[PDB]
Structure formats: structure tokens, C-alpha cells
Amino acid sequence: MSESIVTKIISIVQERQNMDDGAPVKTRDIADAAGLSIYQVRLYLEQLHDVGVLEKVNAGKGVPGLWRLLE
């Protein structure tokens with residue numbers, strides 16, 4: 011293991027939607043809590059997405075994108 015910051019991100023994702031109750035996590039908010047840039051963050055999120063960890067809760071284009079865990 012070496013990702014470290016990525017694990018922190020995953021923790022933030024779980025704990026956020028936990029506090030949002032019925033709403034998923036916000037791409038920005040993950041960057042705020044972690045203290046990172048939107049691009050860097052969405053990279054980690056998208057990789058975790060395609061491997062099954064996270065799912066894209068969004069209408070499509072023109073939206074900030076909401077992230078929710080499943081696998």
C-alpha cells in the first residue's frame with residue numbers, strides 16, 4: 011500500500027454521504043476536505059469509479075458530478 015491520500019479520500023467520500031444522509035458526495039467537497047485540486051481529485055475518483063469502487067451519480071455533462079460508493 012502507498013496510495014494513503016487516496017484512502018483518506020475514500021474515507022471522506024463515505025463519511026460525507028453518511029452526513030448527507032440521502033445525498034451523495036460532491037466532487038468539490040472532496041477537494042475541500044482533502045485540500046487538493048479538482049482535477050487531481052476527479053482523477054482518483056474516476057479510476058476508483060471504473061474499477062467498481064465509486065459510481066457516477068450525475069445527469070451527465072454540465073453537472074459538478076456526485077460520487078457514491080457501491081462495491
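Here the numbering used here is used: the first residue of the sequence shown is 11, the next is one more, and so on.
The beta carbon of each residue, even a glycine, is placed where N, CA and C say it ideally should be.
Does DSSP put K18 in a helix, a strand or coil?
helix
Do you know offhand how far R78's Cα is from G62's?
11 Å
So, is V73 buried or exposed, given that buried needs 16 or more other C-beta atoms within 10 angstroms?
exposed
Hey, how far is the Cα of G70 from the Cα of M11?
33 Å
Pull up the distance between the alpha-carbon of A44 and that of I20, whole angstroms please.
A44 and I20 have their alpha carbons spaced roughly 10 Å apart.
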